[PDB]
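Engineer: Input file: upload.pdb. Contents: PDB, N, CA and C atoms.
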ATOM      1  N   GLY A   1      79.426  72.981  81.037  1.00  0.00           N
ATOM      2  CA  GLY A   1      78.330  73.480  80.159  1.00  0.00           C
ATOM      3  C   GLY A   1      78.315  75.011  80.158  1.00  0.00           C
ATOM      4  N   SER A   2      78.243  75.563  81.343  1.00  0.00           N
ATOM      5  CA  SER A   2      78.293  77.050  81.515  1.00  0.00           C
ATOM      6  C   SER A   2      79.577  77.671  80.946  1.00  0.00           C
ATOM      7  N   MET A   3      80.587  76.849  80.765  1.00  0.00           N
ATOM      8  CA  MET A   3      81.889  77.297  80.163  1.00  0.00           C
ATOM      9  C   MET A   3      82.585  78.330  81.074  1.00  0.00           C
ATOM     10  N   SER A   4      82.576  78.031  82.348  1.00  0.00           N
ATOM     11  CA  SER A   4      83.070  78.996  83.386  1.00  0.00           C
ATOM     12  C   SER A   4      83.545  78.228  84.631  1.00  0.00           C
ATOM     13  N   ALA A   5      84.183  78.952  85.519  1.00  0.00           N
ATOM     14  CA  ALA A   5      84.652  78.372  86.820  1.00  0.00           C
ATOM     15  C   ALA A   5      83.474  78.023  87.741  1.00  0.00           C
ATOM     16  N   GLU A   6      83.708  77.069  88.607  1.00  0.00           N
ATOM     17  CA  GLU A   6      82.639  76.562  89.524  1.00  0.00           C
ATOM     18  C   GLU A   6      82.781  77.196  90.922  1.00  0.00           C
ATOM     19  N   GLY A   7      83.097  78.462  90.893  1.00  0.00           N
ATOM     20  CA  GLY A   7      83.372  79.231  92.145  1.00  0.00           C
ATOM     21  C   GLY A   7      84.384  80.362  91.904  1.00  0.00           C
ATOM     22  N   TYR A   8      84.932  80.842  92.995  1.00  0.00           N
ATOM     23  CA  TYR A   8      86.007  81.892  92.950  1.00  0.00           C
ATOM     24  C   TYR A   8      87.381  81.218  92.917  1.00  0.00           C
ATOM     25  N   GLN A   9      88.293  81.849  92.215  1.00  0.00           N
ATOM     26  CA  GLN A   9      89.670  81.278  92.081  1.00  0.00           C
ATOM     27  C   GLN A   9      90.780  82.241  92.509  1.00  0.00           C
ATOM     28  N   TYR A  10      91.904  81.620  92.756  1.00  0.00           N
ATOM     29  CA  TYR A  10      93.124  82.304  93.266  1.00  0.00           C
ATOM     30  C   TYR A  10      94.317  81.694  92.516  1.00  0.00           C
ATOM     31  N   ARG A  11      95.374  82.460  92.420  1.00  0.00           N
ATOM     32  CA  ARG A  11      96.611  81.987  91.733  1.00  0.00           C
ATOM     33  C   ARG A  11      97.776  82.099  92.720  1.00  0.00           C
ATOM     34  N   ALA A  12      98.407  80.978  92.969  1.00  0.00           N
ATOM     35  CA  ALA A  12      99.654  80.970  93.799  1.00  0.00           C
ATOM     36  C   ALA A  12     100.692  81.970  93.264  1.00  0.00           C
ATOM     37  N   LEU A  13     101.429  82.554  94.174  1.00  0.00           N
ATOM     38  CA  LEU A  13     102.430  83.608  93.819  1.00  0.00           C
ATOM     39  C   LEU A  13     103.852  83.041  93.955  1.00  0.00           C
ATOM     40  N   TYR A  14     104.050  82.286  95.005  1.00  0.00           N
ATOM     41  CA  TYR A  14     105.387  81.681  95.289  1.00  0.00           C
ATOM     42  C   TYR A  14     105.221  80.267  95.848  1.00  0.00           C
ATOM     43  N   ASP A  15     106.223  79.457  95.614  1.00  0.00           N
ATOM     44  CA  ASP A  15     106.259  78.083  96.200  1.00  0.00           C
ATOM     45  C   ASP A  15     106.361  78.151  97.730  1.00  0.00           C
ATOM     46  N   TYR A  16     105.407  77.531  98.376  1.00  0.00           N
ATOM     47  CA  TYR A  16     105.417  77.395  99.864  1.00  0.00           C
ATOM     48  C   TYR A  16     105.346  75.906 100.232  1.00  0.00           C
ATOM     49  N   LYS A  17     106.151  75.533 101.194  1.00  0.00           N
ATOM     50  CA  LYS A  17     106.118  74.147 101.752  1.00  0.00           C
ATOM     51  C   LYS A  17     105.219  74.122 102.994  1.00  0.00           C
ATOM     52  N   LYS A  18     104.634  72.978 103.248  1.00  0.00           N
ATOM     53  CA  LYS A  18     103.707  72.835 104.417  1.00  0.00           C
ATOM     54  C   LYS A  18     104.492  72.409 105.670  1.00  0.00           C
ATOM     55  N   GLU A  19     104.242  73.110 106.749  1.00  0.00           N
ATOM     56  CA  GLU A  19     104.924  72.823 108.055  1.00  0.00           C
ATOM     57  C   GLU A  19     103.928  72.230 109.066  1.00  0.00           C
ATOM     58  N   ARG A  20     102.671  72.297 108.709  1.00  0.00           N
ATOM     59  CA  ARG A  20     101.571  71.752 109.561  1.00  0.00           C
ATOM     60  C   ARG A  20     100.805  70.679 108.783  1.00  0.00           C
ATOM     61  N   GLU A  21     100.346  69.699 109.518  1.00  0.00           N
ATOM     62  CA  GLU A  21      99.441  68.648 108.954  1.00  0.00           C
ATOM     63  C   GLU A  21      98.107  69.219 108.449  1.00  0.00           C
ATOM     64  N   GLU A  22      97.802  70.396 108.921  1.00  0.00           N
ATOM     65  CA  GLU A  22      96.549  71.103 108.508  1.00  0.00           C
ATOM     66  C   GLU A  22      96.739  71.831 107.164  1.00  0.00           C
ATOM     67  N   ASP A  23      97.980  72.068 106.814  1.00  0.00           N
ATOM     68  CA  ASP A  23      98.310  72.762 105.527  1.00  0.00           C
ATOM     69  C   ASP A  23      98.711  71.747 104.451  1.00  0.00           C
ATOM     70  N   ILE A  24      98.710  72.218 103.229  1.00  0.00           N
ATOM     71  CA  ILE A  24      99.104  71.374 102.056  1.00  0.00           C
ATOM     72  C   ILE A  24     100.234  72.043 101.266  1.00  0.00           C
ATOM     73  N   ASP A  25     100.789  71.268 100.369  1.00  0.00           N
ATOM     74  CA  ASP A  25     101.963  71.721  99.565  1.00  0.00           C
ATOM     75  C   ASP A  25     101.496  72.707  98.489  1.00  0.00           C
ATOM     76  N   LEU A  26     102.240  73.773  98.333  1.00  0.00           N
ATOM     77  CA  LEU A  26     101.862  74.844  97.360  1.00  0.00           C
ATOM     78  C   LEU A  26     103.012  75.125  96.392  1.00  0.00           C
ATOM     79  N   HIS A  27     102.658  75.231  95.137  1.00  0.00           N
ATOM     80  CA  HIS A  27     103.670  75.352  94.037  1.00  0.00           C
ATOM     81  C   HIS A  27     103.234  76.490  93.100  1.00  0.00           C
ATOM     82  N   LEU A  28     103.974  76.671  92.034  1.00  0.00           N
ATOM     83  CA  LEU A  28     103.649  77.752  91.050  1.00  0.00           C
ATOM     84  C   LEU A  28     102.597  77.269  90.036  1.00  0.00           C
ATOM     85  N   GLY A  29     101.919  78.211  89.424  1.00  0.00           N
ATOM     86  CA  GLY A  29     100.833  77.885  88.437  1.00  0.00           C
ATOM     87  C   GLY A  29      99.623  77.165  89.063  1.00  0.00           C
ATOM     88  N   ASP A  30      99.747  76.821  90.324  1.00  0.00           N
ATOM     89  CA  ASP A  30      98.676  76.053  91.027  1.00  0.00           C
ATOM     90  C   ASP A  30      97.534  77.008  91.376  1.00  0.00           C
ATOM     91  N   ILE A  31      96.431  76.814  90.701  1.00  0.00           N
ATOM     92  CA  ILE A  31      95.212  77.620  90.993  1.00  0.00           C
ATOM     93  C   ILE A  31      94.328  76.876  91.978  1.00  0.00           C
ATOM     94  N   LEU A  32      93.811  77.654  92.891  1.00  0.00           N
ATOM     95  CA  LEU A  32      92.895  77.118  93.926  1.00  0.00           C
ATOM     96  C   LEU A  32      91.461  77.542  93.613  1.00  0.00           C
ATOM     97  N   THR A  33      90.524  76.700  93.978  1.00  0.00           N
ATOM     98  CA  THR A  33      89.070  77.018  93.771  1.00  0.00           C
ATOM     99  C   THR A  33      88.328  76.865  95.103  1.00  0.00           C
ATOM    100  N   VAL A  34      87.317  77.677  95.285  1.00  0.00           N
ATOM    101  CA  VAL A  34      86.491  77.624  96.538  1.00  0.00           C
ATOM    102  C   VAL A  34      85.031  77.323  96.150  1.00  0.00           C
ATOM    103  N   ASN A  35      84.130  77.737  97.007  1.00  0.00           N
ATOM    104  CA  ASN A  35      82.667  77.683  96.708  1.00  0.00           C
ATOM    105  C   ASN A  35      82.196  78.880  95.865  1.00  0.00           C
ATOM    106  N   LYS A  36      80.914  78.854  95.605  1.00  0.00           N
ATOM    107  CA  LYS A  36      80.280  79.698  94.546  1.00  0.00           C
ATOM    108  C   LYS A  36      79.220  80.619  95.165  1.00  0.00           C
ATOM    109  N   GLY A  37      78.504  80.109  96.137  1.00  0.00           N
ATOM    110  CA  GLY A  37      77.448  80.921  96.824  1.00  0.00           C
ATOM    111  C   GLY A  37      77.196  80.385  98.226  1.00  0.00           C
ATOM    112  N   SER A  38      78.273  80.053  98.886  1.00  0.00           N
ATOM    113  CA  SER A  38      78.196  79.711 100.332  1.00  0.00           C
ATOM    114  C   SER A  38      79.538  80.080 100.960  1.00  0.00           C
ATOM    115  N   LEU A  39      79.710  81.377 101.010  1.00  0.00           N
ATOM    116  CA  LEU A  39      80.833  82.027 101.768  1.00  0.00           C
ATOM    117  C   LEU A  39      80.943  81.559 103.234  1.00  0.00           C
ATOM    118  N   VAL A  40      79.851  81.062 103.752  1.00  0.00           N
ATOM    119  CA  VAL A  40      79.819  80.452 105.126  1.00  0.00           C
ATOM    120  C   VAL A  40      80.753  79.226 105.247  1.00  0.00           C
ATOM    121  N   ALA A  41      81.258  78.793 104.120  1.00  0.00           N
ATOM    122  CA  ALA A  41      82.405  77.824 104.070  1.00  0.00           C
ATOM    123  C   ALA A  41      83.568  78.237 104.983  1.00  0.00           C
ATOM    124  N   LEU A  42      83.661  79.515 105.239  1.00  0.00           N
ATOM    125  CA  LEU A  42      84.788  80.075 106.048  1.00  0.00           C
ATOM    126  C   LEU A  42      84.228  80.729 107.320  1.00  0.00           C
ATOM    127  N   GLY A  43      82.918  80.809 107.376  1.00  0.00           N
ATOM    128  CA  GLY A  43      82.228  81.582 108.451  1.00  0.00           C
ATOM    129  C   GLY A  43      82.324  83.091 108.226  1.00  0.00           C
ATOM    130  N   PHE A  44      82.486  83.442 106.981  1.00  0.00           N
ATOM    131  CA  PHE A  44      82.672  84.876 106.588  1.00  0.00           C
ATOM    132  C   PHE A  44      81.312  85.511 106.272  1.00  0.00           C
ATOM    133  N   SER A  45      81.242  86.809 106.454  1.00  0.00           N
ATOM    134  CA  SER A  45      79.960  87.550 106.242  1.00  0.00           C
ATOM    135  C   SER A  45      80.238  88.990 105.776  1.00  0.00           C
ATOM    136  N   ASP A  46      81.291  89.128 105.012  1.00  0.00           N
ATOM    137  CA  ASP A  46      81.699  90.458 104.461  1.00  0.00           C
ATOM    138  C   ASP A  46      81.198  90.595 103.019  1.00  0.00           C
ATOM    139  N   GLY A  47      81.584  89.639 102.209  1.00  0.00           N
ATOM    140  CA  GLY A  47      81.224  89.654 100.758  1.00  0.00           C
ATOM    141  C   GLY A  47      82.343  90.246  99.892  1.00  0.00           C
ATOM    142  N   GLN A  48      83.486  90.458 100.493  1.00  0.00           N
ATOM    143  CA  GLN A  48      84.641  91.058  99.753  1.00  0.00           C
ATOM    144  C   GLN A  48      85.147  90.087  98.671  1.00  0.00           C
ATOM    145  N   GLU A  49      85.800  89.021  99.089  1.00  0.00           N
ATOM    146  CA  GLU A  49      86.275  87.959  98.137  1.00  0.00           C
ATOM    147  C   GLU A  49      87.038  88.606  96.964  1.00  0.00           C
ATOM    148  N   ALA A  50      88.127  89.251  97.295  1.00  0.00           N
ATOM    149  CA  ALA A  50      88.932  89.997  96.269  1.00  0.00           C
ATOM    150  C   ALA A  50      90.213  90.632  96.818  1.00  0.00           C
ATOM    151  N   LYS A  51      90.252  90.871  98.107  1.00  0.00           N
ATOM    152  CA  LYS A  51      91.480  91.429  98.755  1.00  0.00           C
ATOM    153  C   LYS A  51      91.980  90.436  99.834  1.00  0.00           C
ATOM    154  N   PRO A  52      92.689  89.401  99.433  1.00  0.00           N
ATOM    155  CA  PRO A  52      93.298  88.420 100.377  1.00  0.00           C
ATOM    156  C   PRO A  52      94.218  89.105 101.398  1.00  0.00           C
ATOM    157  N   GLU A  53      94.680  90.270 101.021  1.00  0.00           N
ATOM    158  CA  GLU A  53      95.618  91.072 101.862  1.00  0.00           C
ATOM    159  C   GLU A  53      95.120  91.224 103.305  1.00  0.00           C
ATOM    160  N   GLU A  54      93.839  91.456 103.453  1.00  0.00           N
ATOM    161  CA  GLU A  54      93.242  91.579 104.823  1.00  0.00           C
ATOM    162  C   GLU A  54      92.685  90.235 105.315  1.00  0.00           C
ATOM    163  N   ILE A  55      92.252  89.403 104.398  1.00  0.00           N
ATOM    164  CA  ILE A  55      91.730  88.052 104.791  1.00  0.00           C
ATOM    165  C   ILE A  55      92.865  87.216 105.406  1.00  0.00           C
ATOM    166  N   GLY A  56      92.508  86.391 106.358  1.00  0.00           N
ATOM    167  CA  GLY A  56      93.536  85.615 107.110  1.00  0.00           C
ATOM    168  C   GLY A  56      93.789  84.294 106.389  1.00  0.00           C
ATOM    169  N   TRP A  57      93.115  83.287 106.866  1.00  0.00           N
ATOM    170  CA  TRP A  57      93.234  81.916 106.284  1.00  0.00           C
ATOM    171  C   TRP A  57      92.076  81.644 105.323  1.00  0.00           C
ATOM    172  N   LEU A  58      92.420  81.211 104.136  1.00  0.00           N
ATOM    173  CA  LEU A  58      91.397  80.738 103.156  1.00  0.00           C
ATOM    174  C   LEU A  58      91.507  79.214 103.073  1.00  0.00           C
ATOM    175  N   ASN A  59      90.374  78.567 103.073  1.00  0.00           N
ATOM    176  CA  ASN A  59      90.312  77.090 102.888  1.00  0.00           C
ATOM    177  C   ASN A  59      89.814  76.816 101.462  1.00  0.00           C
ATOM    178  N   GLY A  60      90.568  76.042 100.726  1.00  0.00           N
ATOM    179  CA  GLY A  60      90.114  75.600  99.371  1.00  0.00           C
ATOM    180  C   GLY A  60      90.823  74.302  98.984  1.00  0.00           C
ATOM    181  N   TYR A  61      90.753  73.988  97.716  1.00  0.00           N
ATOM    182  CA  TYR A  61      91.381  72.740  97.198  1.00  0.00           C
ATOM    183  C   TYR A  61      92.104  73.006  95.871  1.00  0.00           C
ATOM    184  N   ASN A  62      93.176  72.278  95.685  1.00  0.00           N
ATOM    185  CA  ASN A  62      94.013  72.412  94.446  1.00  0.00           C
ATOM    186  C   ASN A  62      93.673  71.259  93.488  1.00  0.00           C
ATOM    187  N   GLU A  63      92.860  71.553  92.501  1.00  0.00           N
ATOM    188  CA  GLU A  63      92.420  70.517  91.509  1.00  0.00           C
ATOM    189  C   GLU A  63      93.615  69.805  90.848  1.00  0.00           C
ATOM    190  N   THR A  64      94.638  70.576  90.559  1.00  0.00           N
ATOM    191  CA  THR A  64      95.896  70.036  89.942  1.00  0.00           C
ATOM    192  C   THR A  64      96.464  68.845  90.732  1.00  0.00           C
ATOM    193  N   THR A  65      96.435  68.980  92.032  1.00  0.00           N
ATOM    194  CA  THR A  65      96.981  67.927  92.950  1.00  0.00           C
ATOM    195  C   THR A  65      95.839  67.148  93.617  1.00  0.00           C
ATOM    196  N   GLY A  66      94.628  67.515  93.275  1.00  0.00           N
ATOM    197  CA  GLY A  66      93.417  66.962  93.956  1.00  0.00           C
ATOM    198  C   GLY A  66      93.489  67.085  95.484  1.00  0.00           C
ATOM    199  N   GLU A  67      94.273  68.026  95.946  1.00  0.00           N
ATOM    200  CA  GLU A  67      94.516  68.168  97.416  1.00  0.00           C
ATOM    201  C   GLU A  67      93.506  69.156  98.011  1.00  0.00           C
ATOM    202  N   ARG A  68      93.427  69.162  99.319  1.00  0.00           N
ATOM    203  CA  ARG A  68      92.463  70.055 100.036  1.00  0.00           C
ATOM    204  C   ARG A  68      93.090  70.450 101.376  1.00  0.00           C
ATOM    205  N   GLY A  69      93.169  71.734 101.616  1.00  0.00           N
ATOM    206  CA  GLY A  69      93.588  72.215 102.967  1.00  0.00           C
ATOM    207  C   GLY A  69      93.478  73.734 103.067  1.00  0.00           C
ATOM    208  N   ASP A  70      94.142  74.265 104.062  1.00  0.00           N
ATOM    209  CA  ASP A  70      94.089  75.735 104.322  1.00  0.00           C
ATOM    210  C   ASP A  70      95.410  76.369 103.888  1.00  0.00           C
ATOM    211  N   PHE A  71      95.328  77.630 103.554  1.00  0.00           N
ATOM    212  CA  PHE A  71      96.531  78.393 103.107  1.00  0.00           C
ATOM    213  C   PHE A  71      96.337  79.881 103.476  1.00  0.00           C
ATOM    214  N   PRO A  72      97.410  80.581 103.780  1.00  0.00           N
ATOM    215  CA  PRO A  72      97.355  82.039 104.071  1.00  0.00           C
ATOM    216  C   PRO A  72      96.907  82.855 102.846  1.00  0.00           C
ATOM    217  N   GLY A  73      96.374  84.021 103.117  1.00  0.00           N
ATOM    218  CA  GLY A  73      95.932  84.946 102.030  1.00  0.00           C
ATOM    219  C   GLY A  73      97.004  86.007 101.756  1.00  0.00           C
ATOM    220  N   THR A  74      98.238  85.569 101.695  1.00  0.00           N
ATOM    221  CA  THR A  74      99.368  86.502 101.378  1.00  0.00           C
ATOM    222  C   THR A  74     100.322  85.902 100.335  1.00  0.00           C
ATOM    223  N   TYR A  75     100.224  84.610 100.167  1.00  0.00           N
ATOM    224  CA  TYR A  75     101.088  83.878  99.185  1.00  0.00           C
ATOM    225  C   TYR A  75     100.331  83.575  97.880  1.00  0.00           C
ATOM    226  N   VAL A  76      99.099  84.004  97.823  1.00  0.00           N
ATOM    227  CA  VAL A  76      98.224  83.774  96.624  1.00  0.00           C
ATOM    228  C   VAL A  76      97.784  85.129  96.044  1.00  0.00           C
ATOM    229  N   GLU A  77      96.994  85.060  95.000  1.00  0.00           N
ATOM    230  CA  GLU A  77      96.495  86.290  94.314  1.00  0.00           C
ATOM    231  C   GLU A  77      95.113  86.006  93.722  1.00  0.00           C
ATOM    232  N   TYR A  78      94.125  86.567  94.367  1.00  0.00           N
ATOM    233  CA  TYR A  78      92.736  86.603  93.815  1.00  0.00           C
ATOM    234  C   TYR A  78      92.744  86.968  92.322  1.00  0.00           C
ATOM    235  N   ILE A  79      92.081  86.163  91.528  1.00  0.00           N
ATOM    236  CA  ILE A  79      92.074  86.378  90.046  1.00  0.00           C
ATOM    237  C   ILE A  79      90.645  86.452  89.497  1.00  0.00           C
ATOM    238  N   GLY A  80      89.874  85.416  89.709  1.00  0.00           N
ATOM    239  CA  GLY A  80      88.623  85.220  88.914  1.00  0.00           C
ATOM    240  C   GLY A  80      87.459  84.984  89.872  1.00  0.00           C
ATOM    241  N   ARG A  81      86.275  85.272  89.394  1.00  0.00           N
ATOM    242  CA  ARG A  81      85.049  85.062  90.227  1.00  0.00           C
ATOM    243  C   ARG A  81      83.819  84.766  89.375  1.00  0.00           C
ATOM    244  N   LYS A  82      82.908  84.080  90.011  1.00  0.00           N
ATOM    245  CA  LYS A  82      81.482  84.038  89.554  1.00  0.00           C
ATOM    246  C   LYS A  82      80.797  85.417  89.587  1.00  0.00           C
ATOM    247  N   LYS A  83      79.566  85.419  89.136  1.00  0.00           N
ATOM    248  CA  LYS A  83      78.782  86.684  88.985  1.00  0.00           C
ATOM    249  C   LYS A  83      78.161  87.129  90.328  1.00  0.00           C
ATOM    250  N   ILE A  84      78.807  86.769  91.409  1.00  0.00           N
ATOM    251  CA  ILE A  84      78.287  87.078  92.779  1.00  0.00           C
ATOM    252  C   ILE A  84      78.827  88.432  93.277  1.00  0.00           C
ATOM    253  N   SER A  85      79.705  89.014  92.495  1.00  0.00           N
ATOM    254  CA  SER A  85      80.344  90.313  92.865  1.00  0.00           C
ATOM    255  C   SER A  85      80.420  91.235  91.621  1.00  0.00           C
ATOM    256  N   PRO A  86      79.289  91.762  91.197  1.00  0.00           N
ATOM    257  CA  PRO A  86      79.244  92.808  90.137  1.00  0.00           C
ATOM    258  C   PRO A  86      79.930  94.116  90.580  1.00  0.00           C
TER     259      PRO A  86
END
Now, as a test, write the supplied structure out as structure tokens.

Structural biologist:
Amino acid sequence: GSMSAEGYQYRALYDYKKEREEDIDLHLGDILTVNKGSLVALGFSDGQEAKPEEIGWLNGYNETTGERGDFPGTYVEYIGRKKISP
């Protein structure tokens, strides 16, 4: 209805394979989505949500594969956000 994303999004940069049961399979064009106003999803309290370069592990889900797990903040690229960061 709002005609917008249901949280913050990221875009995969390179194909990564999962080596841990805690991680999931990552491919190209695969966009990840997180929460919208509960950054405590990660236990974070900065409010940055834009420079994965310093962020360690991000937890989200890949709608394309309906999968859910954790991924590093170096193989993806922050792209889009809700109005929580003017």

Engineer: With all atoms listed in the file as the basis for distance, which of A:36, A:83, A:27, A:18 is at the shortest distance from residue 6 of chain A?

Structural biologist: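 Of all the options, A:36 lies closest to residue 6 of chain A.
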
Engineer: If you count only N, CA and C atoms, which residues fall within 8 Å of residue 82 of chain A, apart from same-chain ones fewer than 6 positions away, as number ranges by chain?

Structural biologist: A: 4-9, 35-36

Engineer: Could you pull out the strand (DSSP E or B) residues of chain A, going by DSSP on the backbone, and write them as a PyMOL selection string?

Structural biologist: chain A and resi 9-12+16+23+26+31-33+57-62+67-72+76-80

Engineer: Those selected residues, please, written with N, CA and C atoms and delivered as a JSON list (two decimals), in the coordinates of the input.

Structural biologist:
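File part.json, as written:
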[["chain", "number", "residue", "atom", "x", "y", "z"],
["A", 9, "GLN", "N", 88.29, 81.85, 92.22],
["A", 9, "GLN", "CA", 89.67, 81.28, 92.08],
["A", 9, "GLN", "C", 90.78, 82.24, 92.51],
["A", 10, "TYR", "N", 91.90, 81.62, 92.76],
["A", 10, "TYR", "CA", 93.12, 82.30, 93.27],
["A", 10, "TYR", "C", 94.32, 81.69, 92.52],
["A", 11, "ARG", "N", 95.37, 82.46, 92.42],
["A", 11, "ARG", "CA", 96.61, 81.99, 91.73],
["A", 11, "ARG", "C", 97.78, 82.10, 92.72],
["A", 12, "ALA", "N", 98.41, 80.98, 92.97],
["A", 12, "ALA", "CA", 99.65, 80.97, 93.80],
["A", 12, "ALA", "C", 100.69, 81.97, 93.26],
["A", 16, "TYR", "N", 105.41, 77.53, 98.38],
["A", 16, "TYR", "CA", 105.42, 77.40, 99.86],
["A", 16, "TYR", "C", 105.35, 75.91, 100.23],
["A", 23, "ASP", "N", 97.98, 72.07, 106.81],
["A", 23, "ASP", "CA", 98.31, 72.76, 105.53],
["A", 23, "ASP", "C", 98.71, 71.75, 104.45],
["A", 26, "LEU", "N", 102.24, 73.77, 98.33],
["A", 26, "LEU", "CA", 101.86, 74.84, 97.36],
["A", 26, "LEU", "C", 103.01, 75.12, 96.39],
["A", 31, "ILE", "N", 96.43, 76.81, 90.70],
["A", 31, "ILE", "CA", 95.21, 77.62, 90.99],
["A", 31, "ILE", "C", 94.33, 76.88, 91.98],
["A", 32, "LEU", "N", 93.81, 77.65, 92.89],
["A", 32, "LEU", "CA", 92.90, 77.12, 93.93],
["A", 32, "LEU", "C", 91.46, 77.54, 93.61],
["A", 33, "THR", "N", 90.52, 76.70, 93.98],
["A", 33, "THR", "CA", 89.07, 77.02, 93.77],
["A", 33, "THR", "C", 88.33, 76.86, 95.10],
["A", 57, "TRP", "N", 93.12, 83.29, 106.87],
["A", 57, "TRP", "CA", 93.23, 81.92, 106.28],
["A", 57, "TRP", "C", 92.08, 81.64, 105.32],
["A", 58, "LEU", "N", 92.42, 81.21, 104.14],
["A", 58, "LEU", "CA", 91.40, 80.74, 103.16],
["A", 58, "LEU", "C", 91.51, 79.21, 103.07],
["A", 59, "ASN", "N", 90.37, 78.57, 103.07],
["A", 59, "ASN", "CA", 90.31, 77.09, 102.89],
["A", 59, "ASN", "C", 89.81, 76.82, 101.46],
["A", 60, "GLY", "N", 90.57, 76.04, 100.73],
["A", 60, "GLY", "CA", 90.11, 75.60, 99.37],
["A", 60, "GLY", "C", 90.82, 74.30, 98.98],
["A", 61, "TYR", "N", 90.75, 73.99, 97.72],
["A", 61, "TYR", "CA", 91.38, 72.74, 97.20],
["A", 61, "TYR", "C", 92.10, 73.01, 95.87],
["A", 62, "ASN", "N", 93.18, 72.28, 95.68],
["A", 62, "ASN", "CA", 94.01, 72.41, 94.45],
["A", 62, "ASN", "C", 93.67, 71.26, 93.49],
["A", 67, "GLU", "N", 94.27, 68.03, 95.95],
["A", 67, "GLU", "CA", 94.52, 68.17, 97.42],
["A", 67, "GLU", "C", 93.51, 69.16, 98.01],
["A", 68, "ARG", "N", 93.43, 69.16, 99.32],
["A", 68, "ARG", "CA", 92.46, 70.06, 100.04],
["A", 68, "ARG", "C", 93.09, 70.45, 101.38],
["A", 69, "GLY", "N", 93.17, 71.73, 101.62],
["A", 69, "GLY", "CA", 93.59, 72.22, 102.97],
["A", 69, "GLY", "C", 93.48, 73.73, 103.07],
["A", 70, "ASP", "N", 94.14, 74.26, 104.06],
["A", 70, "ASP", "CA", 94.09, 75.74, 104.32],
["A", 70, "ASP", "C", 95.41, 76.37, 103.89],
["A", 71, "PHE", "N", 95.33, 77.63, 103.55],
["A", 71, "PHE", "CA", 96.53, 78.39, 103.11],
["A", 71, "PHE", "C", 96.34, 79.88, 103.48],
["A", 72, "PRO", "N", 97.41, 80.58, 103.78],
["A", 72, "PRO", "CA", 97.36, 82.04, 104.07],
["A", 72, "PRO", "C", 96.91, 82.86, 102.85],
["A", 76, "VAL", "N", 99.10, 84.00, 97.82],
["A", 76, "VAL", "CA", 98.22, 83.77, 96.62],
["A", 76, "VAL", "C", 97.78, 85.13, 96.04],
["A", 77, "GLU", "N", 96.99, 85.06, 95.00],
["A", 77, "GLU", "CA", 96.50, 86.29, 94.31],
["A", 77, "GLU", "C", 95.11, 86.01, 93.72],
["A", 78, "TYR", "N", 94.12, 86.57, 94.37],
["A", 78, "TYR", "CA", 92.74, 86.60, 93.82],
["A", 78, "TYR", "C", 92.74, 86.97, 92.32],
["A", 79, "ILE", "N", 92.08, 86.16, 91.53],
["A", 79, "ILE", "CA", 92.07, 86.38, 90.05],
["A", 79, "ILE", "C", 90.64, 86.45, 89.50],
["A", 80, "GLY", "N", 89.87, 85.42, 89.71],
["A", 80, "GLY", "CA", 88.62, 85.22, 88.91],
["A", 80, "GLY", "C", 87.46, 84.98, 89.87]]

Engineer: Could you check which residues have any atom within 12 Å of (95.6, 70.5, 110.4), counting only C-alpha atoms with coordinates taken straight from the file, and then list them as a ChimeraX atom specification?

Structural biologist: /A:18-24,59,68-71

Engineer: In terms of the shortest atom-to-atom distance over all atoms listed in the file, which of A:60, A:76, A:84, A:33 is closest to residue 12 of chain A?

Structural biologist: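 With all atoms listed in the file as the atom set, the closest residue is A:76.
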
Engineer: Figure out the distance between atom C of residue 38 of chain A and atom N of residue 50 of chain A, please, to one decimal in Å.

Structural biologist: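 Computing it gives 13.1 Å between the two atoms.
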
Engineer: Could you tell me how far atom CA of residue 16 of chain A lies from atom CA of residue 63 of chain A, in Å and to one decimal?

Structural biologist: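 Result for atom CA of residue 16 of chain A versus atom CA of residue 63 of chain A: 16.9 Å, one decimal.
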
Engineer: Using Å and a single decimal, report how far atom C of residue 55 of chain A sits from atom N of residue 42 of chain A.

Structural biologist: 12.0 Å

Engineer: Using only N, CA and C atoms, which of A:29, A:47, A:66, A:1 sits nearest residue 14 of chain A?

Structural biologist: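 Distance minimum relative to residue 14 of chain A lands on A:29.
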
Engineer: At a cut-off of 7 Å, using only N, CA and C atoms, what residues contact residue 30 of chain A? Leave out same-chain residues fewer than 3 positions from it and give the result as a ChimeraX atom specification.

Structural biologist: /A:10-12,26-27,62,64

Engineer: Return the single residue from A:46, A:65, A:39, A:79 that is closest to residue 25 of chain A, with distances computed using only C-alpha atoms.

Structural biologist: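 Of A:46, A:65, A:39, A:79, the one nearest residue 25 of chain A, counting only C-alpha atoms, is A:65.
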
Engineer: Taking into account all atoms listed in the file, which residue in the set A:28, A:3, A:40, A:34 is nearest to residue 15 of chain A?

Structural biologist: A:28

Engineer: Using the chain letters and numbers from this file, what does the PyMOL selection byres ((chain A and resi 56) around 7) select? Give the answer as a tab-separated table (two decimals) with N, CA and C atoms, keeping the file's coordinate frame.

Structural biologist:
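result15.tsv was written with the following content:
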chain	number	residue	atom	x	y	z
A	52	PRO	N	92.69	89.40	99.43
A	52	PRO	CA	93.30	88.42	100.38
A	52	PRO	C	94.22	89.10	101.40
A	53	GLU	N	94.68	90.27	101.02
A	53	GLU	CA	95.62	91.07	101.86
A	53	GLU	C	95.12	91.22	103.30
A	54	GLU	N	93.84	91.46	103.45
A	54	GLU	CA	93.24	91.58	104.82
A	54	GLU	C	92.68	90.24	105.32
A	55	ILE	N	92.25	89.40	104.40
A	55	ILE	CA	91.73	88.05	104.79
A	55	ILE	C	92.86	87.22	105.41
A	57	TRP	N	93.12	83.29	106.87
A	57	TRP	CA	93.23	81.92	106.28
A	57	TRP	C	92.08	81.64	105.32
A	58	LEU	N	92.42	81.21	104.14
A	58	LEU	CA	91.40	80.74	103.16
A	58	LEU	C	91.51	79.21	103.07
A	71	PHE	N	95.33	77.63	103.55
A	71	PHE	CA	96.53	78.39	103.11
A	71	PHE	C	96.34	79.88	103.48
A	72	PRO	N	97.41	80.58	103.78
A	72	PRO	CA	97.36	82.04	104.07
A	72	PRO	C	96.91	82.86	102.85
A	73	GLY	N	96.37	84.02	103.12
A	73	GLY	CA	95.93	84.95	102.03
A	73	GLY	C	97.00	86.01	101.76
A	74	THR	N	98.24	85.57	101.70
A	74	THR	CA	99.37	86.50	101.38
A	74	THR	C	100.32	85.90	100.34
